[PDB]
Amino acid sequence: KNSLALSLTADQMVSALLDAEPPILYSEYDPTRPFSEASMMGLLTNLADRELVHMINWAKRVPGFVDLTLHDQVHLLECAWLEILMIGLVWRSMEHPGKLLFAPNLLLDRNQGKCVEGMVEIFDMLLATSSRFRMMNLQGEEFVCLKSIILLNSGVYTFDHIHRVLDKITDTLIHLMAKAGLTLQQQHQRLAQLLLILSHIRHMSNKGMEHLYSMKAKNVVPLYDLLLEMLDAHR
Amino acid sequence: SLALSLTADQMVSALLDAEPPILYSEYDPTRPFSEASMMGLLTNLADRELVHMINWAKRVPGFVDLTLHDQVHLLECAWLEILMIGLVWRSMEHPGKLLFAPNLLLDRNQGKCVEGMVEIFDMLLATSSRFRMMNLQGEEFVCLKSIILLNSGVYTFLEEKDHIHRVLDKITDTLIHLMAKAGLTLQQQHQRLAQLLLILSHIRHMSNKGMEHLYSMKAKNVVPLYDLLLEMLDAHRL
Amino acid sequence: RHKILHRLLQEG
Amino acid sequence: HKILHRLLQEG
Ligand SMILES: OCc1cc(Br)c(-c2ccc(O)cc2)c(-c2ccoc2)c1
Ligand SMILES: OCc1cc(Br)c(-c2ccc(O)cc2)c(-c2ccoc2)c1
C-alpha cells in the first residue's frame, strides 16, 4: 500500500498526533530526602525505562511511521530516544520555572541536580530550554509536531517517504500557526525558532548520553532491560 | 545597530563577502599515511581555519554588537560545527569524498587509518549527499553558517540575548527572500526552510561526536601542540 | 538479533 | 584571557 499518512489533512494530522500522546507516569512515592547520587539516578532510570515502552507505542501511532520497514523503525528510535524523552521533560516543565517535572511526584529544582556529579550542567541546559519554550508560548499542538520531527529526522540521514512525511508535519505546523492568527512573516520566523530548538535538544541528548554511559561505568544506577539496550544502541 | 537595519539582499552580500578562503593542507602525496599524520593534517588545517573563522565571525552582522564574553562563548560553542558544515559544503560536488582541502580529498577507506574516524566520515558523507539531494545553494549555505554561530550557545550564557534573536529572524527573512526570488511557492518556501534548519541538528550531532573523538585522540598523543585548537577543545569539558 | 525493542515494535 | 579572547579583541 501507499502511505495513508500523506493523504491526511492538517487537522487529521494534528488530532492523530494529540491522540498518540503517551501517558504521564509517576515516580516512586518514597518521600525520603535528600537524594543520594544513586537514589537520584535510580529514580530517573526507573522512570525512563517505563516511559520508553510508552514511547514505542507512541511512535507507531505517528502518521507514516509503520509504513517504514522494521529496520528503519528500529534505527529511528535507537537514534532519537533520549531526544524524545528530553523534549517531553522540557514540555512538562514549561509551567514550572526553575524546575524539572520528571513526573507529577518528582519535581526537581536545579539545586537537587548537584546530588549527581555532572548532572547540574545538563539540568541547566534543560531548564534554559524550558524557559525558552515558555517565552515563546509553545502550544501543545506545536509540541507534538516537534516531537514527531525528532523521531523522523534524527536518524534519517543515516540511510523519500520519510522526507515527504516531514514536509507534511511542516505544513501542519504552519497551519497551526496561521490558525493562531500569526502573520506570514511571524509564521516563518516562528517555524525557524522552533526548529532551531531541535539543535539544542540534540546537544542535550549527546551530553546526557555520555553522562548516562558514565554512570553505567561507575556501576551505579541499575540500567534496566529496554533502557540498557537503547543505551547500547550508541556504539 | 546597522545589523537590524540590513535588507535581505544586503545581508546576503554581507555574508558572501565575509566568506573565508579555502585553505590547503600539508599533504604530501608520497608520504605513507599513519594515524598520527592524518590527525596531524586535519588539526594543522583546522588550527589555521580557526583564525579565519574568528575574523569571519566579526563580519557576521550583529556579532560585534555582543560583549567579548558573549562572542567568546558563541565561538567556543560553535567552532567545530562551523568547520564541519564548511567541510560538508566543500564536499558537495564530490560524491563519496570529503574535500578537507583542494589537495586532500578523502574517502571512508582512507578514514580507517584513524581509530573510530570512519563513523564520523560516514556521517559527513551522508550529510553531504543530503546537500546534493536538495541542491543547496551558496547563498543558503552562508545563511546556515551564520545561524549556527548565533544559535549554538545562545542559551548557555538577557538583553544581549534578545539582540541575537532579532538577527536570527533577519536571517530567516533573508532565507525566505532568497527562496521567493528563486520562484518557490509559499508552501515550498516553508518546507525548504524546515529542510535547511533540520540540517543543523545533524551538524550539532556530528560536532558532539567529533569533539569526543578529538578529545580521545588528544589522550593518545596524536594531536599536535596547536594552542588555539586545543584551547577550543578544552572549552567543551569545563 | 534479539531486542525488546523488536518485541514492542512488532507486538503492535 | 584565552587566545580566542585576544584575537577577538584585537582590531
Ligand atoms: O544521567 C544523564 C541523564 C539525564 C536525564 Br535529564 C535523563 C532523563 C530524561 C527524560 C526522562 O523522562 C527521565 C530521565 C536520563 C536518563 C535515565 C535513563 O534514561 C535517561 C539520564
Ligand atoms: O578527530 C576527530 C575530528 C574529525 C574531523 Br572530520 C575534524 C575536522 C573537521 C573540519 C575541518 O575543516 C577540519 C578537520 C577534526 C578537527 C577539528 C579541529 O581539528 C581537527 C577532528
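Engineer: Which residues make up the packing of helix α5 (residues 138-151) of chain B against helix α7 (residues 186-218) of chain B, and what values do they have?
Structural biologist: Residue and element names in this part refer to chain B. Running from N to C, α5 and α7 cross one another at 50°; their axes reach a closest spacing of 11 Å. One way to sum up the angle between α5 and α7 is to call them oblique. Here α5 runs over α7; the crossing is right-handed. On the side of α5, the interface is formed by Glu140, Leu144, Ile147 and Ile148, while α7 contributes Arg192, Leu196, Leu197, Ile199, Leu200 and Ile203. When the residues that make up the contact of α5 with α7 are grouped by side-chain class, the tally is 8 nonpolar, no polar and 2 charged.

Engineer: If you had to explain the arrangement of the chains to someone new, which residues and values would you point to?
Structural biologist: With 3 pairs of chains in contact, the largest contact count belongs to chains A and B. With respect to C-alpha atoms, chain A approaches chain D no nearer than 22 Å, and the pair has no contact. Considering only C-alpha positions, the minimal separation of the non-contacting chain C and chain D is 46 Å.

Engineer: Give me the interface of chain B and chain D: which residues, what numbers.
Structural biologist: Opposite the 12 residues of chain B that make contact, chain D presents 8 residues. For the pair chain B and chain D, the summed buried area comes to about 960 Å², and 76% of that belongs to carbon and sulfur atoms. Applying the counting rule to chain B against chain D returns 0 salt bridges. At the boundary of chain B with chain D, the tally comes to 4 residue pairs in polar contact. Counting only elements with at least two residues in the side of chain B that touches chain D, the list comes to α3 (68-90) and α8 (227-234) of chain B. Across the side of chain B that touches chain D, the residue classes break down as 7 nonpolar, 1 polar and 4 charged.

Each value, and the rule that gives it
Residues numbered from 1 in each chain as written, not as in the entry; some residues may be left out. Chains lettered and ligands numbered in written order. Heavy atoms only, no water. Residues with missing side-chain atoms left out of burial classes, pairs and counts. Axes fitted to C-alpha atoms, helices over the stretch in contact; angles between N-to-C directions. Helix = DSSP H or I, 4+ residues; strand = E, 2+ residues; numbered from the N terminus. Parallel < 35°, antiparallel > 145°, perpendicular 65-115°, else oblique. Left-handed = near helix turned anticlockwise from the far one by under 90°. Contact = heavy atoms within 4.5 Å. Nonpolar A, V, L, I, M, F, W, Y, C, P; charged D, E, K, R; others polar. Buried area = accessible area lost by both parts, 1.4 Å probe. Salt bridge = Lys/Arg side-chain N within 4 Å of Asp/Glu carboxyl O. Polar contact = N/O pair within 3.5 Å; in protein donor to acceptor, adjacent residues only side chain to side chain.

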